[PDB]
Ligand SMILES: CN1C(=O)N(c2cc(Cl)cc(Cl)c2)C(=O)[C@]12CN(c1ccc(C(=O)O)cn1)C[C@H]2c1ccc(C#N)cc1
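Listed next as structure tokens is one chain, alone, in the form solved without the ligand.
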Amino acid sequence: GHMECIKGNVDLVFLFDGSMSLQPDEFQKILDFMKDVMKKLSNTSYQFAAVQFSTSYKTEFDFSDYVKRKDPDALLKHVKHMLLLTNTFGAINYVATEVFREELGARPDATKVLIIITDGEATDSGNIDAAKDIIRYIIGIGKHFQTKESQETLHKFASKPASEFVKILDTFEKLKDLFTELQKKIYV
């Protein structure tokens, strides 16, 4: 029950896949999921940042942007789908070093949470030692995670145990349902 153990201030980053496999409506459903989560946790001790990744990495908004403009529709208005590869290792290192920074609104007393949303196996390699103080929850969606073997490639990015921190969805429509399952775990 590690998700139920989180208490107090939480700095949560969405790391979302903008790879070439995604159809326009699928990309939009990822955006809507992030908006739904932010709206439901509005006015709690949560604050949010969001990073799109594909071949390279872009901070769509920093924690300090969220604090000023606490409006999910406005914060994500300008997102452009990158349509390239899936460099997940680099992306996690980007979040750990470029996003969780006090200069950008990160709080020193906040538990660090990373929700990763992806529709494919990573196209890079490396390590994520830099993320060892981040709780990592990964959502893998769609046909590229049909096989058990592909599902297990995500375990190396997630916190342990995989049974808690790796969620496989067969379609993008299940994101709405996942949202509901997650609210019951998160204490506010």
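Start at 1 with the first residue shown and count on from there.
Not pictured, yet referred to below: the form deposited with the ligand bound.
For this chain, the superposed copy of the ligand, brought over from its placement in the entry with it bound, has 3 or more atoms within 2.4 Å of the backbone and C-beta atoms, so the pocket is blocked.
Contact with the ligand in the entry with it bound, judged as any non-hydrogen atom within 4.5 angstroms, is confined among 121-129, 22-30, 63-71, 136-144 to 136-144.
Proximity of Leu15, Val51 and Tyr57 to the ligand in the entry with it bound is absent: no residue of the three has a non-hydrogen atom within 4.5 angstroms. Taking the partner from the other structure, the ligand in the entry with it bound has a heavy atom within 4.5 Å of a heavy atom of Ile115. Put simply, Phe157 is far from the ligand in the entry with it bound: not one heavy atom of it is within 4.5 Å. Along 36-51, these residues reach a heavy atom to within 4.5 Å of the ligand in the entry with it bound: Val37, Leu41, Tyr46.
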